[PDB]
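Enquirer: Take this structure, written in structure tokens, and hold onto it; I'll ask about it next.
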Amino acid sequence: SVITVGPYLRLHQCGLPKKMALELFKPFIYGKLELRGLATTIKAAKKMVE
Amino acid sequence: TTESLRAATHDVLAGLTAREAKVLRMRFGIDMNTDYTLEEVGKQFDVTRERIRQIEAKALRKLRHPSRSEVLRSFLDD
């Protein structure tokens, strides 16, 4: 995506957006959500993540 | 979802009676190569074939309960 000027932070972090973090960390929030017991199956976790 | 359904059906067959589990496995071909017909099950297990249908009806009546298939209701849409 297009780079955007903002210091906003300490040097060890640089401003990653919201929707790309939702899309690319999506099997991770299947895996750490099915283990803790907030969903029955992963097919229900499909609906719970959309 | 197929790998989860395999473990789910394994847990359902383990939670029931063991002979019911063996009938439901060797009937429709679960954990086997070929699905045996009613005459082949009659030659293997026992001569009476109407009691096998009574066992199947009792197994369906025990598996229509929602408390034993609440994890399987989510797999109904697939």
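Residues are referred to by chain and number: the chain letter is A, B, ... according to the order shown in the structure tokens, the number counts from 1 in that chain, and ligands are numbered separately from 1 in the order shown.
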Provide as JSON, numbers by chain the residues of chain A at most 7 Å from chain B, counting only C-alpha atoms.
Expert: {"A": [40, 41, 43, 44]}
Enquirer: Compile the contact shell of residue 17 (chain A) as a ChimeraX atom specification: residues with an atom at most 12 Å away, counting only C-alpha atoms, same-chain residues fewer than 6 positions apart removed.
Expert: /A:1-4,23-24
Enquirer: Pick out the residues sitting within 12 Å of residue 45 (chain A), and hand them over as a PyMOL selection string; count only C-alpha atoms, and ignore anything fewer than 3 positions along from it in its own chain.
Expert: (chain A and resi 26-35+37-42+48-50) or (chain B and resi 1+74-75)
Enquirer: Those same residues, written as a compact mmCIF listing (two decimals), in the first residue's frame with C-alpha atoms?
Expert:
```txt
# COMPACT_ATOMS: atom_id res chain seq x y z
CA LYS A 26 -6.70 -14.36 9.79
CA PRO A 27 -5.60 -18.06 10.24
CA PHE A 28 -3.87 -16.92 13.43
CA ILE A 29 -7.21 -15.65 14.77
CA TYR A 30 -8.73 -18.92 13.78
CA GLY A 31 -6.07 -20.87 15.67
CA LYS A 32 -5.91 -18.79 18.85
CA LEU A 33 -9.72 -18.47 18.88
CA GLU A 34 -10.66 -22.15 18.48
CA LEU A 35 -8.35 -23.17 21.34
CA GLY A 37 -13.32 -21.93 23.35
CA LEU A 38 -15.27 -18.96 21.98
CA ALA A 39 -16.49 -21.02 19.00
CA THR A 40 -17.56 -24.61 18.38
CA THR A 41 -16.01 -25.37 14.98
CA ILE A 42 -13.88 -23.48 12.47
CA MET A 48 -17.70 -15.16 13.34
CA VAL A 49 -14.75 -13.57 11.50
CA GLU A 50 -16.77 -12.17 8.59
CA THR B 1 -13.17 -29.09 8.09
CA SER B 74 -22.40 -26.26 12.42
CA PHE B 75 -21.30 -28.82 9.79
```
Enquirer: From a DSSP pass on the backbone, collect the residues of chain A flagged as helix (DSSP H, G or I) and hand them back as a list in words.
Expert: residues 19, 20, 21, 22, 23, 24, 28, 29, 30, 31, 32, 33, 34, 42, 43, 44, 45, 46, 47, 48 and 49 of chain A
Enquirer: Need the shell around residue 6 (chain B): protein/DNA/RNA residues with any atom at most 12 Å away, counting only C-alpha atoms. Skip same-chain ones fewer than 4 positions apart. Format as a list in words?
Expert: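 Everything that qualifies: residues 1, 2, 10, 11, 12, 13, 30, 31, 72 and 75 of chain B.
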Enquirer: Mind checking which residues fall within 9 Å of region 39-45 of chain B, counting only C-alpha atoms, ignoring those fewer than 6 positions away in the same chain, and posting them as a list in words?
Expert: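 Counting only C-alpha atoms, the residues come to residues 23, 26, 27 and 52 of chain B.
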Enquirer: Those same residues, written as a JSON list (two decimals), in the first residue's frame with C-alpha atoms?
Expert:
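Output (out.json):
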```
[["chain", "number", "residue", "atom", "x", "y", "z"],
["B", 23, "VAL", "CA", -21.94, -51.52, 13.18],
["B", 26, "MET", "CA", -18.64, -51.50, 8.94],
["B", 27, "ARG", "CA", -22.09, -50.52, 7.60],
["B", 52, "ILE", "CA", -29.80, -54.90, 12.31]]
```
Enquirer: Find the distance between CA of residue 15 (chain B) and CA of residue 47 (chain A) and write it in Å to one decimal.
Expert: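 Distance reported for this atom pair: 28.4 Å.
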Enquirer: Taking only C-alpha atoms into account, which of B:68, B:51, B:61, B:22 comes nearest residue 8 (chain B)?
Expert: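 Result for the nearest residue to residue 8 (chain B): B:68.
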